[PDB]
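S.K.: Protein chains in written order, with UniProt numbering: chain A, 333 to 360; chain B, 62 to 72; chain C, 364 to 510, 518 to 621. We put the CB at the ideal spot given by N, CA and C, even for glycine. Take this structure first; my questions come after.
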Amino acid sequence: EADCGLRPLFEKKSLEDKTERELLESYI
Amino acid sequence: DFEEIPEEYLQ
Amino acid sequence: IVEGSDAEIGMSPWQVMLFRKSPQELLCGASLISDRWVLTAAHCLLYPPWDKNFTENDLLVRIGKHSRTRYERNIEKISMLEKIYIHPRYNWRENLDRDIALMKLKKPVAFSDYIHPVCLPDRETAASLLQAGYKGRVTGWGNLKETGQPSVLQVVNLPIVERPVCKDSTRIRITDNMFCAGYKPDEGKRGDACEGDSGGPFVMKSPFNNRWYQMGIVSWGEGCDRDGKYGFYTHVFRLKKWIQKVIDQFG
Ligand SMILES: N[C@H](Cc1ccccc1)C(=O)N1CCC[C@H]1C(=O)NCc1cnccc1Cl
Ligand SMILES: *[C@@H]1O[C@H](CO)[C@@H](O)[C@H](O)[C@H]1NC(C)=O
Ligand code: NA
Ligand code: NA
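Shown next, in the form of structure tokens:
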């Protein structure tokens, strides 16, 4: 719901997964 | 190839 | 998934496995979009050319999984289906146009560290992110190569491809309800969905609000990870009006 797309073990704890930066870098 | 799941879910 | 890597724990907590009751086997991927609704590809449930026409009672969904084959006690949750809804204009006869289906669970699933819904895109998030070169992420327990199977959930990041390149890569008629993704031969890097990945999510992390959105559903390809070929994905936003209608009417 209002909490969709925020992962308990990542976004919710401000931890990044090993490859999400690859996605961000492509969003030019 | 798959581990059997609890029977409760197949009832 | 071909040329991917092992997912991290809790990396894709919306991942769902469609599981056949008898014989017990993996049928498809899918995604959790709320506590009672699961999104998948229509061809996971209905594909007459292969004599496939599943009913609610043939299937289970398994949520919160990492291992492909293990029963993940105290972690995964297994849910029965109340009702299947297939897009009324799903084109199984020709090109898998509108390859989308919803499944309503008999009971709400409890969210946990390993179970959590993905967002569906609005028009603006779709417009902003569905651009050639922008990368999304595909996950699944499907085959590791075209012609074997993974111990745990696999992940691969792939760039969206220009529509003319998608069209020119295949003889199949493409439509606005599809997009394609994957690296070109010259780009060096590789990766693709494969058999068994059907129905799983193509997701993107919005750089505007830092939330994951499901932009696509693994739909079709010709072979797996072939040079000059691309994976095709159901365009979730283009079909969102139908998704919303079903949920509003039957939720
Ligand atoms: N290979 C067919 C191509 C096709 C496309 C449209 C209509 C008819 C046939 C395919 O991907 N199919 C035939 C019906 C389901 C789908 C499939 O296997 N999808 C999973 C898949 C398999 N292999 C590589 C990639 C993918 Cl997504
Ligand atoms: C698939 O199954 C349903 C219900 O059993 C049936 O009514 C339908 O005619 C079958 N074939 C389709 C939808 O192509
Ligand atoms: Na073509
Ligand atoms: Na390719």
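Does ligand 3 have a heavy atom nearer than 7 angstroms to the CB of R541/C?
M.R.: The residue labelled residue 541/C in the question sits at position 171 within the third sequence. Yes, ligand 3 has a heavy atom inside 7 angstroms of this Cβ.
S.K.: Give me the chain B residues within the contact set of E388/C, using Cβ-Cβ distance strictly less than 8 angstroms, ordered along the chain.
M.R.: Walking along the third sequence from the start, residue 388/C turns up at place 25. Those are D62, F63, listed as they occur along chain B.
S.K.: Please tell me whether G561/C has its Cβ less than 8 angstroms away from any Cβ of chain A.
M.R.: Here residue 561/C corresponds to residue number 191 of the third sequence, with the count starting at 1. So no, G561/C is outside the interface.
S.K.: Have a look at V588/C and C391/C and give me their C-alpha separation to the nearest angstrom.
M.R.: Here residue 588/C corresponds to residue number 218 of the third sequence, with the count starting at 1. Here residue 391/C corresponds to residue number 28 of the third sequence, with the count starting at 1. About 10 angstroms.
S.K.: Leaving out five residues before and five after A370/C in sequence, what residues of the same chain have Cβ atoms less than 6 angstroms from its Cβ?
M.R.: Working through the third sequence from its first residue, we reach residue 370/C at position 7. Closer than 6 angstroms at Cβ, skipping near neighbours: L523, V525.
S.K.: Please confirm whether any heavy atom of ligand 3 lies closer than 7 angstroms to the CB of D538/C.
M.R.: As a first step, residue 538/C is located in the third sequence; it is residue number 168 there, counting from the start. Answer for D538/C: yes, Cβ within range of ligand 3.
S.K.: Taking 8 angstroms as the threshold (beta carbon to beta carbon), is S397/C in contact with chain A?
M.R.: Working through the third sequence from its first residue, we reach residue 397/C at position 34. By this cut-off, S397/C is an interface position.
S.K.: Starting from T432/C, find everything on chain B with Cβ-Cβ shorter than 9 angstroms and list it in chain order.
M.R.: Against the third sequence, residue 432/C aligns to sequence position 69. Residues of chain B passing the Cβ test: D62, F63, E64.
S.K.: What residue range does the alpha helix (DSSP H) around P534/C cover?
M.R.: As a first step, residue 534/C must be located in the third sequence, where it is residue number 164. That run of the alpha helix (DSSP H) goes 533-538.
S.K.: Considering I426/C, what are the terminal residues of the beta strand (DSSP E) in which it resides?
M.R.: Within the third sequence, numbered from 1, the residue matching residue 426/C stands at position 63. First-last of the beta strand (DSSP E) with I426/C: 422-426.
S.K.: Under 7 angstroms Cβ-Cβ, which residues of chain A neighbour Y497/C?
M.R.: Numbered from its first residue, the third sequence carries residue 497/C at position 134. The answer, in chain order, is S358, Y359.
S.K.: Using the beta-carbon count (16 or more within 10 Å), is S568/C buried or exposed?
M.R.: By one-based count along the third sequence, residue 568/C stands at place 198. By the neighbour-count rule (16 or more Cβ atoms within 10 Å), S568/C is buried.
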